[PDB]
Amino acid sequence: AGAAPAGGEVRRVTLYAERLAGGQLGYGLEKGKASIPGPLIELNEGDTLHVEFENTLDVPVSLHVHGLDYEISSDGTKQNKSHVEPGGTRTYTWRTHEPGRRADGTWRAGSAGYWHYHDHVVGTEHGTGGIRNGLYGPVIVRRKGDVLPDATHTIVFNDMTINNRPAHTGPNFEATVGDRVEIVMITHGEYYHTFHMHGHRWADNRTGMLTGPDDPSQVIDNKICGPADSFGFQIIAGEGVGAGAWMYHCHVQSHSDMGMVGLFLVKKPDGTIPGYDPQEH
């Protein structure tokens, strides 16, 4: 898909918090297309995003971002009078920025990386009940020259669920051998977990690729993660291992048993998966 360009476009989008089946809550880019996870927000460093947000719930909701620049007005908390009342609208405003030398000669970390947004005022003032119900979603902020993927898949460990799904309902994601798949992995709630993928590995750093033969970042297939931790990577599907149904799961042993498990379906060029007996789950 090429590579990211340099940023600096004032983007704007519409966001709504809606009720979902089963008492669940979610964000969507249009009324009635709310999902869990929320819609993937993607940005290039420099970009500015106005988020026009409406609350269709009977309770106040908010919209709070990790890792992006925001004045306190866009804090998204009761503490800075920045929530959205029932039936209310409010425009939030996020900025990103590039790395660069400061006047004291110290490097200013840019805004790039794998981030998230969630609610901060439902249930409690730290968003506990809203986060549990599914008011969360991913934010990617690229830097110029970042390799771009063929696909992007978000995997939130929210307590003992994957993306609030029922135990052992995945989700599963598909690809084809060689694809540049990207994974965003976020964690929410009470518990710590350990994210693990069969047959694939990545570098523990911003992009999940090594920069080169002098990138000392370690190569893992298992990452521990806690509430609100976010990381991402990109892998080449089946690189060095082939097609097949490739397990991902939480490696905390009671958590894969209770069903924090899903499948990375990496397919041959003809769309088949060898040995994928769908009844092996």
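Heads up: residue numbers just count along the shown sequence, starting at 1.
A summary of the deposited B-factors shows that, of 87 to 95 and 191 to 199, the stretch with the larger mean C-alpha value is 87 to 95. Stretches compared: 76 to 84, 177 to 185. Higher mean C-alpha B-factor in the entry: 76 to 84. When the C-alpha B factors of 155, 141, 210, 151 are read from the deposited coordinates, the top value falls at 210. Per the deposited record, 33 carries the highest C-alpha B-factor of all listed residues (223, 66, 33, 255). Residue-level temperature factors show residue 246 in the middle third of its chain, judged at the C-alpha atom. When the modelled residues of the chain are ordered by C-alpha B-factor, residue 239 sits in the middle third. Among the modelled residues of its chain, residue 205 has a C-alpha B-factor that falls in the middle third, as given in the PDB entry. In the PDB entry, a CA B factor belonging to the lowest third of its chain's modelled residues is recorded for residue 120. Ranked by C-alpha B-factor against the other modelled residues of its chain, residue 137 falls in the lowest third.
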